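A.B. asks: Here's my sequence, what's the structure:
(chains A and B)
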Amino acid sequence: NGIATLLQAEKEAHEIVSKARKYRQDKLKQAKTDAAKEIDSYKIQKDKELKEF
Amino acid sequence: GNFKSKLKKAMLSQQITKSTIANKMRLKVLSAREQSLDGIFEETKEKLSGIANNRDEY
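C.D. replies: Numbers count the residues shown, from 1 in each chain, chains lettered A, B, ... in the order given. Here you go:
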């Protein structure tokens, strides 16, 4: 009957919701990694100063 | 913190090389005394070798 179609659309959209959250969460993990890369440059600059000392 | 720790390690390295620079020079003074003292015994050995030559006094 039509009940299966009603549930399938909600189930299909729910799966996309989890994928959207997972992709956004993955981007958050990537953003932290990218931010740490900028911090690593400061550590690299500090290391060069330590080498100069 | 790693940069601060590295600086502390470098600073202690400066103290380590400062002492060993002074210690090596300090042991240069000590080796000078023994070398000159060895000269005293080097000079003494030659003089005693001459004692046997003087058969009357020996």
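
A.B. asks: Quick check: the closest residue to chain B within chain A vs residue A:30, distance?
C.D. replies: Chain B sits closest to residue A:46 of chain A, with a gap of 4.2 Å, by CB to the nearest CB. Heads up, the C-betas are built off the backbone N, CA and C, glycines and all. To residue A:30, residue A:46 is 25 Å away according to CB to CB, to the nearest Å.

A.B. asks: which one of those two has more residues nearby?
C.D. replies: Neighbours per residue (other CB atoms under 10 Å in any protein chain shown) separate residue A:46 from residue A:30, with residue A:46 holding more: 15 against 10.

A.B. asks: And residue A:27, how far from residue A:33?
C.D. replies: Taken as CB to CB, the span from residue A:27 to residue A:33 is 10 Å.

A.B. asks: ok now stretch B:24-38, how far from the chain's centre?
C.D. replies: The chain centre lies 3 Å from the centre of stretch B:24-38; the measure is CA atoms, centre = their mean, to the nearest Å.

A.B. asks: list the buried ones in that stretch?
C.D. replies: Across stretch B:24-38, burial judged by 16 or more other CB atoms under 10 Å in any protein chain shown covers no residue at all.

A.B. asks: I would like the residues contacting it, please.
C.D. replies: Stretch B:24-38 has contacts (CB atoms under 8 Å, 6 or more residues apart in numbering or on different chains) with no other residue.

A.B. asks: Now that stretch - C-alpha only, CSV.
C.D. replies: Extracted in CSV, the C-alpha atoms of stretch B:24-38 (Å, rounded to 0.1, in the frame of the first residue of the first chain):
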residue,chain,number,x,y,z
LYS,B,24,90.0,21.3,29.5
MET,B,25,91.9,24.5,30.2
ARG,B,26,92.1,23.7,33.9
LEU,B,27,93.6,20.3,33.1
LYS,B,28,96.0,22.1,30.8
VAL,B,29,97.4,23.8,33.9
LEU,B,30,97.6,20.5,35.8
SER,B,31,99.4,18.8,32.9
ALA,B,32,101.9,21.7,32.9
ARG,B,33,102.9,20.9,36.5
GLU,B,34,103.4,17.2,35.8
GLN,B,35,105.3,17.9,32.6
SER,B,36,107.6,20.3,34.3
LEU,B,37,107.8,17.9,37.2
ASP,B,38,108.7,15.1,34.7
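
A.B. asks: Lovely, talk soon.
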